[PDB]
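Visitor: Pasting coords.csv here (CSV, N, CA and C atoms):
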```
chain,number,residue,atom,x,y,z
A,1,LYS,N,-43.2,72.2,64.3
A,1,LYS,CA,-44.0,72.5,65.6
A,1,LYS,C,-45.4,71.9,65.4
A,2,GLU,N,-46.2,71.8,66.5
A,2,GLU,CA,-47.6,71.6,66.4
A,2,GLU,C,-48.3,72.8,65.7
A,3,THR,N,-49.2,72.6,64.8
A,3,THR,CA,-49.9,73.7,64.2
A,3,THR,C,-50.8,74.3,65.2
A,4,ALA,N,-51.3,75.6,64.9
A,4,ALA,CA,-52.2,76.3,65.8
A,4,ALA,C,-53.5,75.5,65.9
A,5,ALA,N,-54.0,75.0,64.7
A,5,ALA,CA,-55.2,74.2,64.8
A,5,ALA,C,-55.1,73.0,65.7
A,6,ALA,N,-54.0,72.3,65.6
A,6,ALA,CA,-53.8,71.1,66.4
A,6,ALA,C,-53.8,71.4,67.9
A,7,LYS,N,-53.1,72.5,68.2
A,7,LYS,CA,-53.0,73.0,69.6
A,7,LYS,C,-54.3,73.3,70.1
A,8,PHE,N,-55.2,74.0,69.4
A,8,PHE,CA,-56.6,74.2,69.7
A,8,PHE,C,-57.3,72.9,70.0
A,9,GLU,N,-57.1,71.9,69.2
A,9,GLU,CA,-57.8,70.7,69.4
A,9,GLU,C,-57.2,70.0,70.7
A,10,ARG,N,-56.0,70.1,71.0
A,10,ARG,CA,-55.4,69.4,72.1
A,10,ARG,C,-56.0,70.2,73.4
A,11,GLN,N,-56.0,71.5,73.3
A,11,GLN,CA,-56.3,72.2,74.5
A,11,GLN,C,-57.8,72.4,74.7
A,12,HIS,N,-58.6,72.4,73.7
A,12,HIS,CA,-60.0,72.8,73.8
A,12,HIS,C,-61.1,71.9,73.4
A,13,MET,N,-60.7,70.8,72.7
A,13,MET,CA,-61.7,69.8,72.2
A,13,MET,C,-61.8,68.5,73.0
A,14,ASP,N,-63.0,68.3,73.5
A,14,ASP,CA,-63.3,67.0,74.1
A,14,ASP,C,-64.7,66.5,73.5
A,15,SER,N,-64.7,66.0,72.3
A,15,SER,CA,-65.9,65.5,71.7
A,15,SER,C,-66.3,64.1,72.2
A,16,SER,N,-65.6,63.5,73.2
A,16,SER,CA,-65.9,62.2,73.8
A,16,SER,C,-67.2,62.1,74.5
A,17,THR,N,-67.5,63.2,75.2
A,17,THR,CA,-68.6,63.2,76.2
A,17,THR,C,-69.5,64.4,76.0
A,18,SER,N,-70.7,64.3,76.4
A,18,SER,CA,-71.7,65.4,76.2
A,18,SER,C,-71.6,66.4,77.3
A,19,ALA,N,-70.9,66.1,78.4
A,19,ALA,CA,-70.7,67.0,79.6
A,19,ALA,C,-69.6,66.4,80.4
A,20,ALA,N,-69.2,67.2,81.5
A,20,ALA,CA,-68.3,66.7,82.5
A,20,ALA,C,-69.1,66.0,83.6
A,21,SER,N,-68.8,64.8,84.0
A,21,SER,CA,-69.5,64.0,85.0
A,21,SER,C,-68.8,64.1,86.3
A,22,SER,N,-67.7,63.4,86.5
A,22,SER,CA,-67.0,63.4,87.8
A,22,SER,C,-66.4,64.7,88.0
A,23,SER,N,-66.4,65.3,89.2
A,23,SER,CA,-65.9,66.6,89.4
A,23,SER,C,-64.4,66.7,89.6
A,24,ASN,N,-63.7,65.6,89.1
A,24,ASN,CA,-62.3,65.7,88.8
A,24,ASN,C,-61.9,65.5,87.4
A,25,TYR,N,-62.9,65.8,86.5
A,25,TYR,CA,-62.7,65.8,85.0
A,25,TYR,C,-61.5,66.7,84.7
A,26,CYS,N,-61.5,67.9,85.2
A,26,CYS,CA,-60.5,68.9,84.9
A,26,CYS,C,-59.1,68.3,85.3
A,27,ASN,N,-59.0,67.8,86.5
A,27,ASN,CA,-57.7,67.2,87.0
A,27,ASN,C,-57.2,66.2,86.0
A,28,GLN,N,-58.0,65.4,85.5
A,28,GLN,CA,-57.5,64.3,84.6
A,28,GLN,C,-57.3,64.8,83.2
A,29,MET,N,-58.3,65.7,82.7
A,29,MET,CA,-58.1,66.2,81.4
A,29,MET,C,-56.9,67.1,81.2
A,30,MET,N,-56.7,68.0,82.2
A,30,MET,CA,-55.6,69.0,82.2
A,30,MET,C,-54.3,68.2,82.1
A,31,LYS,N,-54.2,67.1,82.8
A,31,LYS,CA,-53.0,66.2,82.8
A,31,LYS,C,-52.9,65.6,81.4
A,32,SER,N,-53.9,64.9,80.9
A,32,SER,CA,-53.8,64.1,79.7
A,32,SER,C,-53.6,65.0,78.4
A,33,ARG,N,-54.0,66.3,78.5
A,33,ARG,CA,-53.8,67.2,77.4
A,33,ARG,C,-52.4,67.9,77.5
A,34,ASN,N,-51.6,67.5,78.5
A,34,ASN,CA,-50.3,68.1,78.7
A,34,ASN,C,-50.3,69.5,79.1
A,35,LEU,N,-51.3,69.9,79.9
A,35,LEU,CA,-51.5,71.3,80.3
A,35,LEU,C,-51.1,71.5,81.8
A,36,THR,N,-50.5,70.4,82.4
A,36,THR,CA,-49.9,70.5,83.7
A,36,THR,C,-48.4,70.1,83.7
A,37,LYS,N,-47.9,70.1,82.4
A,37,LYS,CA,-46.6,69.5,82.1
A,37,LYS,C,-45.5,70.2,82.8
A,38,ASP,N,-45.3,71.5,82.4
A,38,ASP,CA,-44.2,72.3,83.0
A,38,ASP,C,-44.7,73.2,84.1
A,39,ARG,N,-46.0,73.5,84.1
A,39,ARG,CA,-46.6,74.4,85.1
A,39,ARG,C,-48.1,74.1,85.1
A,40,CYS,N,-48.8,74.6,86.0
A,40,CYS,CA,-50.3,74.4,86.0
A,40,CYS,C,-50.9,75.5,85.2
A,41,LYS,N,-51.4,75.1,84.0
A,41,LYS,CA,-52.2,76.1,83.2
A,41,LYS,C,-53.4,76.5,84.0
A,42,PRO,N,-53.5,77.8,84.4
A,42,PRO,CA,-54.5,78.2,85.4
A,42,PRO,C,-55.9,78.1,84.9
A,43,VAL,N,-56.2,78.5,83.7
A,43,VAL,CA,-57.6,78.5,83.2
A,43,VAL,C,-57.6,77.8,81.8
A,44,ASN,N,-58.6,76.9,81.6
A,44,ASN,CA,-58.8,76.2,80.3
A,44,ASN,C,-60.2,75.8,80.1
A,45,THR,N,-60.7,75.9,78.9
A,45,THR,CA,-62.1,75.5,78.6
A,45,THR,C,-62.0,74.3,77.6
A,46,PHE,N,-62.9,73.4,77.8
A,46,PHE,CA,-63.1,72.2,76.9
A,46,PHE,C,-64.5,72.3,76.3
A,47,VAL,N,-64.6,72.0,75.0
A,47,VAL,CA,-65.8,72.0,74.3
A,47,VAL,C,-66.3,70.6,74.0
A,48,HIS,N,-67.6,70.3,74.3
A,48,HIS,CA,-68.1,69.0,74.2
A,48,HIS,C,-69.2,69.0,73.1
A,49,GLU,N,-68.7,69.3,71.9
A,49,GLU,CA,-69.5,69.2,70.7
A,49,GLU,C,-68.6,68.6,69.6
A,50,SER,N,-69.1,68.2,68.5
A,50,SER,CA,-68.4,67.6,67.4
A,50,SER,C,-67.4,68.6,66.9
A,51,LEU,N,-66.3,68.1,66.3
A,51,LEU,CA,-65.3,69.0,65.7
A,51,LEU,C,-65.9,69.7,64.6
A,52,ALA,N,-66.8,69.1,63.8
A,52,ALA,CA,-67.5,69.8,62.7
A,52,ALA,C,-68.3,71.0,63.2
A,53,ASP,N,-69.0,70.8,64.2
A,53,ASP,CA,-69.8,71.9,64.8
A,53,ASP,C,-68.9,73.0,65.3
A,54,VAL,N,-67.8,72.7,65.9
A,54,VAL,CA,-66.9,73.7,66.4
A,54,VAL,C,-66.3,74.5,65.2
A,55,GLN,N,-65.7,73.8,64.2
A,55,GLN,CA,-65.1,74.4,63.0
A,55,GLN,C,-66.1,75.3,62.3
A,56,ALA,N,-67.4,75.0,62.4
A,56,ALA,CA,-68.5,75.7,61.7
A,56,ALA,C,-68.7,77.1,62.3
A,57,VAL,N,-68.1,77.3,63.6
A,57,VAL,CA,-68.3,78.6,64.2
A,57,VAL,C,-67.5,79.7,63.4
A,58,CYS,N,-66.5,79.2,62.6
A,58,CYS,CA,-65.8,80.1,61.7
A,58,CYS,C,-66.6,80.7,60.6
A,59,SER,N,-67.8,80.3,60.4
A,59,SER,CA,-68.7,80.9,59.5
A,59,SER,C,-70.0,81.5,60.2
A,60,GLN,N,-69.9,81.8,61.5
A,60,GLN,CA,-71.1,82.3,62.2
A,60,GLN,C,-70.8,83.8,62.5
A,61,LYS,N,-70.9,84.2,63.8
A,61,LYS,CA,-71.1,85.7,64.0
A,61,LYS,C,-69.7,86.3,64.2
A,62,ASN,N,-69.3,87.1,63.3
A,62,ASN,CA,-68.0,87.7,63.3
A,62,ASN,C,-67.9,88.8,64.4
A,63,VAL,N,-66.9,88.8,65.2
A,63,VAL,CA,-66.7,89.7,66.3
A,63,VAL,C,-65.2,90.0,66.4
A,64,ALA,N,-65.0,91.1,67.2
A,64,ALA,CA,-63.6,91.4,67.5
A,64,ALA,C,-63.1,90.4,68.5
A,65,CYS,N,-61.8,90.1,68.4
A,65,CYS,CA,-61.1,89.3,69.4
A,65,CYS,C,-60.6,90.3,70.6
A,66,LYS,N,-60.3,89.7,71.7
A,66,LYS,CA,-59.8,90.4,72.9
A,66,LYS,C,-58.6,91.2,72.5
A,67,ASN,N,-57.7,90.6,71.7
A,67,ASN,CA,-56.5,91.3,71.2
A,67,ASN,C,-56.8,92.4,70.2
A,68,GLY,N,-58.0,92.6,69.8
A,68,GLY,CA,-58.3,93.6,68.8
A,68,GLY,C,-58.3,93.2,67.3
A,69,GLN,N,-57.7,92.0,67.0
A,69,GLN,CA,-58.0,91.4,65.7
A,69,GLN,C,-59.4,91.2,65.4
A,70,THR,N,-59.8,91.1,64.2
A,70,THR,CA,-61.2,90.9,63.8
A,70,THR,C,-61.5,89.6,63.1
A,71,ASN,N,-60.7,88.5,63.5
A,71,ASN,CA,-61.0,87.2,62.9
A,71,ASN,C,-61.5,86.3,64.0
A,72,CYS,N,-62.5,86.8,64.8
A,72,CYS,CA,-63.1,86.0,65.8
A,72,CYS,C,-64.5,85.8,65.4
A,73,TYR,N,-65.1,84.8,66.0
A,73,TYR,CA,-66.5,84.4,65.7
A,73,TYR,C,-67.1,83.8,66.9
A,74,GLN,N,-68.4,84.2,67.1
A,74,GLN,CA,-69.1,83.7,68.2
A,74,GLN,C,-70.2,82.7,67.7
A,75,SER,N,-70.2,81.6,68.4
A,75,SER,CA,-71.2,80.5,68.0
A,75,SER,C,-72.6,81.1,68.1
A,76,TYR,N,-73.5,80.8,67.2
A,76,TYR,CA,-74.8,81.2,67.2
A,76,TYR,C,-75.6,80.4,68.3
A,77,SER,N,-75.2,79.1,68.5
A,77,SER,CA,-75.9,78.3,69.5
A,77,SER,C,-75.0,78.3,70.7
A,78,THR,N,-75.7,78.1,71.9
A,78,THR,CA,-74.9,77.6,73.1
A,78,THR,C,-74.4,76.2,72.8
A,79,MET,N,-73.2,76.0,73.4
A,79,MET,CA,-72.5,74.7,73.4
A,79,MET,C,-72.2,74.2,74.8
A,80,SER,N,-72.2,72.8,74.9
A,80,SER,CA,-71.8,72.1,76.1
A,80,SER,C,-70.3,72.3,76.4
A,81,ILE,N,-69.9,73.0,77.4
A,81,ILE,CA,-68.5,73.3,77.7
A,81,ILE,C,-68.2,72.9,79.2
A,82,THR,N,-66.9,72.7,79.5
A,82,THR,CA,-66.4,72.6,80.8
A,82,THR,C,-65.3,73.7,81.1
A,83,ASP,N,-65.6,74.5,82.1
A,83,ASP,CA,-64.6,75.5,82.5
A,83,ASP,C,-63.7,74.9,83.6
A,84,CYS,N,-62.4,74.8,83.3
A,84,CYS,CA,-61.5,74.3,84.3
A,84,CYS,C,-60.7,75.5,84.8
A,85,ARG,N,-60.6,75.7,86.2
A,85,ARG,CA,-59.9,76.8,86.8
A,85,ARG,C,-59.2,76.3,88.0
A,86,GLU,N,-57.9,76.6,88.1
A,86,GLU,CA,-57.0,76.1,89.2
A,86,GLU,C,-57.5,76.6,90.5
A,87,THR,N,-57.4,75.8,91.6
A,87,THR,CA,-57.9,76.2,92.9
A,87,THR,C,-56.9,77.2,93.5
A,88,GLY,N,-57.4,77.9,94.5
A,88,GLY,CA,-56.6,78.9,95.2
A,88,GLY,C,-55.4,78.2,95.9
A,89,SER,N,-55.5,76.9,96.3
A,89,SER,CA,-54.4,76.2,96.9
A,89,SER,C,-53.6,75.4,96.0
A,90,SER,N,-54.0,75.2,94.7
A,90,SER,CA,-53.2,74.4,93.8
A,90,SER,C,-51.8,74.9,93.7
A,91,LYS,N,-50.8,73.9,93.8
A,91,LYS,CA,-49.5,74.3,93.5
A,91,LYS,C,-48.8,73.2,92.8
A,92,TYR,N,-48.1,73.5,91.6
A,92,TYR,CA,-47.3,72.6,90.9
A,92,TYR,C,-46.3,71.9,91.8
A,93,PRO,N,-46.1,70.6,91.7
A,93,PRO,CA,-46.6,69.8,90.6
A,93,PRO,C,-47.9,69.0,90.9
A,94,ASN,N,-48.6,69.4,91.9
A,94,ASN,CA,-49.9,68.7,92.2
A,94,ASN,C,-51.0,69.6,91.9
A,95,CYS,N,-51.3,69.8,90.5
A,95,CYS,CA,-52.2,70.8,90.0
A,95,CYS,C,-53.6,70.3,90.4
A,96,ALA,N,-54.4,71.3,91.0
A,96,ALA,CA,-55.7,71.0,91.4
A,96,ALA,C,-56.7,72.1,90.6
A,97,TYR,N,-57.8,71.6,90.1
A,97,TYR,CA,-58.7,72.4,89.4
A,97,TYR,C,-60.1,72.1,89.9
A,98,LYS,N,-61.0,73.1,89.8
A,98,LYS,CA,-62.5,72.8,89.8
A,98,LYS,C,-63.0,72.8,88.4
A,99,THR,N,-64.0,71.9,88.3
A,99,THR,CA,-64.7,71.6,87.0
A,99,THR,C,-66.0,72.3,87.1
A,100,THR,N,-66.4,73.2,86.1
A,100,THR,CA,-67.7,73.7,86.1
A,100,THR,C,-68.3,73.5,84.7
A,101,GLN,N,-69.3,72.6,84.6
A,101,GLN,CA,-70.1,72.3,83.4
A,101,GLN,C,-71.0,73.5,83.1
A,102,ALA,N,-71.1,73.8,81.8
A,102,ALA,CA,-72.0,74.9,81.5
A,102,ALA,C,-72.5,74.8,80.0
A,103,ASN,N,-73.6,75.5,79.6
A,103,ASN,CA,-73.9,75.7,78.2
A,103,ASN,C,-73.9,77.2,77.9
A,104,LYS,N,-72.9,77.5,77.0
A,104,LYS,CA,-72.6,78.9,76.7
A,104,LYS,C,-72.2,78.9,75.2
A,105,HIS,N,-72.2,80.1,74.7
A,105,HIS,CA,-71.7,80.4,73.3
A,105,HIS,C,-70.2,80.6,73.4
A,106,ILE,N,-69.5,80.1,72.4
A,106,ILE,CA,-68.0,80.2,72.4
A,106,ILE,C,-67.6,81.3,71.4
A,107,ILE,N,-66.4,81.8,71.7
A,107,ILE,CA,-65.8,82.7,70.8
A,107,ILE,C,-64.4,82.2,70.5
A,108,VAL,N,-64.1,82.0,69.3
A,108,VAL,CA,-62.8,81.4,68.8
A,108,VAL,C,-62.2,82.3,67.7
A,109,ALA,N,-60.9,82.3,67.7
A,109,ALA,CA,-60.2,83.0,66.5
A,109,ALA,C,-60.0,81.9,65.4
A,110,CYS,N,-60.3,82.3,64.2
A,110,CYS,CA,-60.1,81.4,63.1
A,110,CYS,C,-59.1,81.9,62.1
A,111,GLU,N,-58.3,80.9,61.6
A,111,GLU,CA,-57.3,81.3,60.6
A,111,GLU,C,-56.9,80.1,59.8
A,112,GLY,N,-56.4,80.3,58.6
A,112,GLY,CA,-55.7,79.3,57.8
A,112,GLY,C,-56.6,78.6,56.8
A,113,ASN,N,-56.1,77.6,56.1
A,113,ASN,CA,-56.9,76.9,55.2
A,113,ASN,C,-56.7,75.4,55.4
A,114,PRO,N,-57.7,74.7,55.9
A,114,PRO,CA,-59.1,75.1,56.1
A,114,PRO,C,-59.2,76.1,57.2
A,115,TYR,N,-60.2,76.9,57.2
A,115,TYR,CA,-60.4,78.0,58.1
A,115,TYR,C,-61.1,77.5,59.4
A,116,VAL,N,-60.2,77.3,60.4
A,116,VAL,CA,-60.6,76.5,61.5
A,116,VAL,C,-60.2,77.3,62.8
A,117,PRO,N,-60.7,77.0,64.0
A,117,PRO,CA,-60.3,77.7,65.2
A,117,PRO,C,-58.8,77.4,65.5
A,118,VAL,N,-58.1,78.5,65.9
A,118,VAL,CA,-56.8,78.5,66.3
A,118,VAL,C,-56.6,79.0,67.7
A,119,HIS,N,-57.7,79.6,68.3
A,119,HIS,CA,-57.6,80.2,69.6
A,119,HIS,C,-59.0,80.2,70.3
A,120,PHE,N,-59.1,79.8,71.5
A,120,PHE,CA,-60.2,80.0,72.3
A,120,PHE,C,-60.2,81.4,73.0
A,121,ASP,N,-61.0,82.3,72.6
A,121,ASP,CA,-61.1,83.7,73.1
A,121,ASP,C,-61.9,83.8,74.3
A,122,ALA,N,-63.2,83.3,74.3
A,122,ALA,CA,-64.0,83.4,75.5
A,122,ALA,C,-65.3,82.5,75.3
A,123,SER,N,-66.0,82.3,76.4
A,123,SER,CA,-67.3,81.9,76.5
A,123,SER,C,-68.2,83.0,77.0
A,124,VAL,N,-69.4,83.1,76.4
A,124,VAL,CA,-70.4,84.1,76.9
A,124,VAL,C,-71.8,83.5,77.0
```
As structure tokens, please, write out the structure in this file.
Guide:
Amino acid sequence: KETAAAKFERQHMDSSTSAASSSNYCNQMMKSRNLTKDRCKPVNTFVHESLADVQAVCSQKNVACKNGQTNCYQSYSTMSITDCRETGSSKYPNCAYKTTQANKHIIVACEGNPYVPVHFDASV
């Protein structure tokens, strides 16, 4: 299978750009990361920082995850992110999203060796 770390990178990492520019970033990103493949993935966040800076969150502020595990970490700094959320009228297979650029702290679950993000828990 794809590893959990790899899946996180496919779903949540966009180190290419410092922000979302065109307000159909989400439409194109969601498609190219295979998140509109079988259905429209309703919500998804992209992080626009280096992979090194993102992996480093795994040694920052330890917090509970939503599921109640305690291997989650909150970034000390705000990060450049894009919140993609499907529109009220979107219907597969013509998936429609709005793009919201923001600077927020991320919370990720970390696991494995090397100890890297395996789950995007939230932005705050």
Visitor: What's around residue 5 of chain A at 8 Å? Count all atoms listed in the file, leave out sequence neighbours fewer than 6 positions away in its own chain, and write the answer as a compact mmCIF listing (two decimals) with N, CA and C atoms, in the frame of the given file.
Guide:
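Saved file out21.txt follows:
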```txt
# COMPACT_ATOMS: atom_id res chain seq x y z
N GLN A 11 -56.00 71.50 73.30
CA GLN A 11 -56.30 72.20 74.50
C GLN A 11 -57.80 72.40 74.70
N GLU A 111 -58.30 80.90 61.60
CA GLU A 111 -57.30 81.30 60.60
C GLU A 111 -56.90 80.10 59.80
N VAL A 116 -60.20 77.30 60.40
CA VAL A 116 -60.60 76.50 61.50
C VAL A 116 -60.20 77.30 62.80
N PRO A 117 -60.70 77.00 64.00
CA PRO A 117 -60.30 77.70 65.20
C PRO A 117 -58.80 77.40 65.50
N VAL A 118 -58.10 78.50 65.90
CA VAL A 118 -56.80 78.50 66.30
C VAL A 118 -56.60 79.00 67.70
N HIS A 119 -57.70 79.60 68.30
CA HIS A 119 -57.60 80.20 69.60
C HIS A 119 -59.00 80.20 70.30
```
Visitor: Give me the residues of segment 55-86 of chain A that have any atom at most 8 Å from an atom of segment 97-110 of chain A; for each, the nearest atom pair and the distance in Å, rounded to one decimal. Use all atoms listed in the file, sort by chain and number, and format it as JSON lines.
Guide:
```
{"residue": "A:57", "atom": "C", "partner": "A:108", "partner_atom": "N", "distance": 7.2}
{"residue": "A:58", "atom": "CA", "partner": "A:110", "partner_atom": "CA", "distance": 6.0}
{"residue": "A:65", "atom": "CA", "partner": "A:109", "partner_atom": "CA", "distance": 7.0}
{"residue": "A:70", "atom": "C", "partner": "A:110", "partner_atom": "N", "distance": 7.5}
{"residue": "A:71", "atom": "C", "partner": "A:110", "partner_atom": "N", "distance": 4.2}
{"residue": "A:72", "atom": "CA", "partner": "A:109", "partner_atom": "CA", "distance": 4.2}
{"residue": "A:73", "atom": "N", "partner": "A:108", "partner_atom": "C", "distance": 4.2}
{"residue": "A:74", "atom": "CA", "partner": "A:106", "partner_atom": "C", "distance": 4.3}
{"residue": "A:75", "atom": "N", "partner": "A:106", "partner_atom": "C", "distance": 4.0}
{"residue": "A:76", "atom": "C", "partner": "A:105", "partner_atom": "CA", "distance": 6.3}
{"residue": "A:77", "atom": "C", "partner": "A:105", "partner_atom": "CA", "distance": 4.7}
{"residue": "A:78", "atom": "CA", "partner": "A:104", "partner_atom": "C", "distance": 3.7}
{"residue": "A:79", "atom": "N", "partner": "A:104", "partner_atom": "C", "distance": 3.6}
{"residue": "A:80", "atom": "CA", "partner": "A:103", "partner_atom": "CA", "distance": 4.7}
{"residue": "A:81", "atom": "C", "partner": "A:102", "partner_atom": "N", "distance": 4.0}
{"residue": "A:82", "atom": "CA", "partner": "A:100", "partner_atom": "C", "distance": 4.4}
{"residue": "A:83", "atom": "N", "partner": "A:100", "partner_atom": "C", "distance": 3.9}
{"residue": "A:84", "atom": "CA", "partner": "A:98", "partner_atom": "C", "distance": 4.6}
{"residue": "A:85", "atom": "C", "partner": "A:98", "partner_atom": "N", "distance": 4.1}
{"residue": "A:86", "atom": "CA", "partner": "A:97", "partner_atom": "CA", "distance": 4.1}
```
Visitor: Can you pull out every residue within 12 Å of residue 17 of chain A, counting only C-alpha atoms, but drop anything in the same chain fewer than 2 positions away, and send it as a PDB file with N, CA and C atoms, in the frame of the given file?
Guide:
```pdb
ATOM      1  N   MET A  13     -60.700  70.800  72.700  1.00  0.00           N
ATOM      2  CA  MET A  13     -61.700  69.800  72.200  1.00  0.00           C
ATOM      3  C   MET A  13     -61.800  68.500  73.000  1.00  0.00           C
ATOM      4  N   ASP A  14     -63.000  68.300  73.500  1.00  0.00           N
ATOM      5  CA  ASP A  14     -63.300  67.000  74.100  1.00  0.00           C
ATOM      6  C   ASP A  14     -64.700  66.500  73.500  1.00  0.00           C
ATOM      7  N   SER A  15     -64.700  66.000  72.300  1.00  0.00           N
ATOM      8  CA  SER A  15     -65.900  65.500  71.700  1.00  0.00           C
ATOM      9  C   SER A  15     -66.300  64.100  72.200  1.00  0.00           C
ATOM     10  N   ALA A  19     -70.900  66.100  78.400  1.00  0.00           N
ATOM     11  CA  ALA A  19     -70.700  67.000  79.600  1.00  0.00           C
ATOM     12  C   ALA A  19     -69.600  66.400  80.400  1.00  0.00           C
ATOM     13  N   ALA A  20     -69.200  67.200  81.500  1.00  0.00           N
ATOM     14  CA  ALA A  20     -68.300  66.700  82.500  1.00  0.00           C
ATOM     15  C   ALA A  20     -69.100  66.000  83.600  1.00  0.00           C
ATOM     16  N   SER A  21     -68.800  64.800  84.000  1.00  0.00           N
ATOM     17  CA  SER A  21     -69.500  64.000  85.000  1.00  0.00           C
ATOM     18  C   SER A  21     -68.800  64.100  86.300  1.00  0.00           C
ATOM     19  N   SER A  22     -67.700  63.400  86.500  1.00  0.00           N
ATOM     20  CA  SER A  22     -67.000  63.400  87.800  1.00  0.00           C
ATOM     21  C   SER A  22     -66.400  64.700  88.000  1.00  0.00           C
ATOM     22  N   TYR A  25     -62.900  65.800  86.500  1.00  0.00           N
ATOM     23  CA  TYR A  25     -62.700  65.800  85.000  1.00  0.00           C
ATOM     24  C   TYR A  25     -61.500  66.700  84.700  1.00  0.00           C
ATOM     25  N   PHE A  46     -62.900  73.400  77.800  1.00  0.00           N
ATOM     26  CA  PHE A  46     -63.100  72.200  76.900  1.00  0.00           C
ATOM     27  C   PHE A  46     -64.500  72.300  76.300  1.00  0.00           C
ATOM     28  N   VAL A  47     -64.600  72.000  75.000  1.00  0.00           N
ATOM     29  CA  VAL A  47     -65.800  72.000  74.300  1.00  0.00           C
ATOM     30  C   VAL A  47     -66.300  70.600  74.000  1.00  0.00           C
ATOM     31  N   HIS A  48     -67.600  70.300  74.300  1.00  0.00           N
ATOM     32  CA  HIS A  48     -68.100  69.000  74.200  1.00  0.00           C
ATOM     33  C   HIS A  48     -69.200  69.000  73.100  1.00  0.00           C
ATOM     34  N   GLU A  49     -68.700  69.300  71.900  1.00  0.00           N
ATOM     35  CA  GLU A  49     -69.500  69.200  70.700  1.00  0.00           C
ATOM     36  C   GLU A  49     -68.600  68.600  69.600  1.00  0.00           C
ATOM     37  N   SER A  50     -69.100  68.200  68.500  1.00  0.00           N
ATOM     38  CA  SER A  50     -68.400  67.600  67.400  1.00  0.00           C
ATOM     39  C   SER A  50     -67.400  68.600  66.900  1.00  0.00           C
ATOM     40  N   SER A  80     -72.200  72.800  74.900  1.00  0.00           N
ATOM     41  CA  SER A  80     -71.800  72.100  76.100  1.00  0.00           C
ATOM     42  C   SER A  80     -70.300  72.300  76.400  1.00  0.00           C
ATOM     43  N   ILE A  81     -69.900  73.000  77.400  1.00  0.00           N
ATOM     44  CA  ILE A  81     -68.500  73.300  77.700  1.00  0.00           C
ATOM     45  C   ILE A  81     -68.200  72.900  79.200  1.00  0.00           C
ATOM     46  N   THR A  82     -66.900  72.700  79.500  1.00  0.00           N
ATOM     47  CA  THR A  82     -66.400  72.600  80.800  1.00  0.00           C
ATOM     48  C   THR A  82     -65.300  73.700  81.100  1.00  0.00           C
ATOM     49  N   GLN A 101     -69.300  72.600  84.600  1.00  0.00           N
ATOM     50  CA  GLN A 101     -70.100  72.300  83.400  1.00  0.00           C
ATOM     51  C   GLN A 101     -71.000  73.500  83.100  1.00  0.00           C
TER      52      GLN A 101
END
```
Visitor: Please return, as a PyMOL selection string, all residues of segment 58-117 of chain A that DSSP assigns to strand (DSSP E or B) on the basis of the backbone.
Guide: chain A and resi 61-63+72-74+79-86+91+94+97-104+106-111+116-117
Visitor: Separation of atom CA of residue 4 of chain A and atom CA of residue 28 of chain A, in Å?
Guide: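 Answer for the atom CA of residue 4 of chain A to atom CA of residue 28 of chain A separation: 22.9 Å.
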Visitor: Could you check which of A:26, A:43, A:56, A:51 is closest to residue 122 of chain A, using only C-alpha atoms?
Guide: A:43
Visitor: Between atom CA of residue 68 of chain A and atom N of residue 87 of chain A, what is the distance, to one decimal in Å?
Guide: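 Atom CA of residue 68 of chain A sits 28.9 Å away from atom N of residue 87 of chain A.
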Visitor: For residue 39 of chain A, work out the shell of residues within 12 Å, counting only C-alpha atoms and skipping chain neighbours fewer than 4 positions away, then give it as an MDAnalysis selection string.
Guide: chainID A and resid 30:31 34:35 43 86 90:96
Visitor: Have a look at A:33, A:66, A:61, A:41 and name the one nearest to residue 12 of chain A; count only C-alpha atoms.
Guide: A:33
Visitor: Please identify the alpha helix (DSSP H) residues within chain A (assignment by DSSP from backbone atoms) and present them as a PyMOL selection string.
Guide: chain A and resi 4-12+25-32+51-55
Visitor: Would you mind completing segment 29-35 of chain A so that it carries N, CA, C and O atoms, and writing it out as a PDB file, in the frame of the given file?
Guide:
```
ATOM      1  N   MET A  29     -58.300  65.700  82.700  1.00  0.00           N
ATOM      2  CA  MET A  29     -58.100  66.200  81.400  1.00  0.00           C
ATOM      3  C   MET A  29     -56.900  67.100  81.200  1.00  0.00           C
ATOM      4  O   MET A  29     -56.115  67.001  80.305  1.00  0.00           O
ATOM      5  N   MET A  30     -56.700  68.000  82.200  1.00  0.00           N
ATOM      6  CA  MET A  30     -55.600  69.000  82.200  1.00  0.00           C
ATOM      7  C   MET A  30     -54.300  68.200  82.100  1.00  0.00           C
ATOM      8  O   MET A  30     -53.379  68.583  81.381  1.00  0.00           O
ATOM      9  N   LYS A  31     -54.200  67.100  82.800  1.00  0.00           N
ATOM     10  CA  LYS A  31     -53.000  66.200  82.800  1.00  0.00           C
ATOM     11  C   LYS A  31     -52.900  65.600  81.400  1.00  0.00           C
ATOM     12  O   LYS A  31     -51.786  65.583  80.880  1.00  0.00           O
ATOM     13  N   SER A  32     -53.900  64.900  80.900  1.00  0.00           N
ATOM     14  CA  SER A  32     -53.800  64.100  79.700  1.00  0.00           C
ATOM     15  C   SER A  32     -53.600  65.000  78.400  1.00  0.00           C
ATOM     16  O   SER A  32     -53.029  64.536  77.438  1.00  0.00           O
ATOM     17  N   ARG A  33     -54.000  66.300  78.500  1.00  0.00           N
ATOM     18  CA  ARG A  33     -53.800  67.200  77.400  1.00  0.00           C
ATOM     19  C   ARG A  33     -52.400  67.900  77.500  1.00  0.00           C
ATOM     20  O   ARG A  33     -52.161  68.845  76.759  1.00  0.00           O
ATOM     21  N   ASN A  34     -51.600  67.500  78.500  1.00  0.00           N
ATOM     22  CA  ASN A  34     -50.300  68.100  78.700  1.00  0.00           C
ATOM     23  C   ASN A  34     -50.300  69.500  79.100  1.00  0.00           C
ATOM     24  O   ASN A  34     -49.443  70.317  78.809  1.00  0.00           O
ATOM     25  N   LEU A  35     -51.300  69.900  79.900  1.00  0.00           N
ATOM     26  CA  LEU A  35     -51.500  71.300  80.300  1.00  0.00           C
ATOM     27  C   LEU A  35     -51.100  71.500  81.800  1.00  0.00           C
ATOM     28  O   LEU A  35     -51.233  72.557  82.362  1.00  0.00           O
TER      29      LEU A  35
END
```
